[PDB]
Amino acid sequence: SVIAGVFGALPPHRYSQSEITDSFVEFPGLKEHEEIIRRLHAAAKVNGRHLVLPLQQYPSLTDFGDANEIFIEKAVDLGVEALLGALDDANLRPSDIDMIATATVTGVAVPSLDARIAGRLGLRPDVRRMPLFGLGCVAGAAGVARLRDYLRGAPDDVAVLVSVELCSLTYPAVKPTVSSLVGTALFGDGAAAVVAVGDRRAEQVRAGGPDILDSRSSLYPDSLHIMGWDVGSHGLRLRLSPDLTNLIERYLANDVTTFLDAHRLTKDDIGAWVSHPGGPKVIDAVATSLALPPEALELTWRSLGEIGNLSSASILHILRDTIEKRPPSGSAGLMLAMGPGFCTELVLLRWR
């Protein structure tokens, strides 16, 4: 399977981190926490984020029903924009799509986002739908791996992934706690789409993105508590364990070695790293654990700085940035993501 198109879409409202923080600390129930909010927002290594709503509107977003309804409307808009961009990048059309997978963790849609996107773009009525909910931050990488699994079975086909994460719309569940506030420092809104074709399809029409060579999941035993949602009448409330980085530091190198061993590669054989930007401590943990050079994760840092953490969409933005730097033809790339499970997902790529 071969990537043919990758495209990111962001809401038009762009704010500097300082702007967000300045407004945020004045929101109802937050003033008493100004100092810790400013401290966390400042330490995030995030310089700006796109938000799906204007800043002033968030204090009114206290009802999960309102927020989730807005999610549905805005996510379908952004998902459609990202898919169209990726299709244009691939020189393909909506009617070419044989399977669409959507990933989100920031809203609850039934019918799923893929059914709504299919309708908006006029995908064929027989398109195969794969609504992936609950993978969280791993879904960008895992989503690309699922496209490969599909296309390995259907090598004449075209399959697409659409990731849409509107983290700001979980506002009704935000509380003045360390975990929620860390969330408000890091997460932004955005979307991304990948268009991929099977090996035979790639021999019929031109696909210019990297080859998806292989993937490997790693679900860690007894780690349900590491990250996830607390779900309730206020919506989706972030649960984040302080043990996350220790887990990375202790186990990630083995995940990578195990996977790369199977391809008789070493970490020194990979020419472009495409890692999820969980946040500064996480990225630090990844670099340390894998003993990476200082610039290995430069595009990950740059993305976190520019647009924040978009959950599953971030790694796709970073993939696009990586493709655009045009890595050495024939060299290996490695996507690395992590998420609720706890789990990691690795995807081996070959550039050109």
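Numbering starts at 1 and follows the sequence shown.
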Mean Cα B-factor comparison, 262-270 or 68-76, giving the higher one as deposited: 262-270
- line: Comparing 313-321 with 295-303, the higher average Cα temperature factor in the PDB entry belongs to 295-303
- request: Please pick out which of 232, 140, 85, 221 has the largest Cα B-factor as recorded in the entry.
  value: 221
- request: Using the entry's values, work out which of 102, 184, 246, 215 has the largest Cα B factor.
  value: 246
- prompt: What third of its chain, lowest, middle or highest, does the C-alpha temperature factor of residue 23 fall into?
  reply: highest
statement: Here the Cα B-factor of residue 41, set against its chain, lands in the third termed middle
message: Quick check on the deposited entry: does the C-alpha B-factor of residue 275 sit in the lowest, middle or highest third of its chain?
response: middle
- line: Split the chain's modelled residues into thirds by Cα B-factor; residue 150 lands in the lowest
query: Would the CA B-factor of residue 337 place it in the lowest, middle or highest third of its chain?
result: lowest
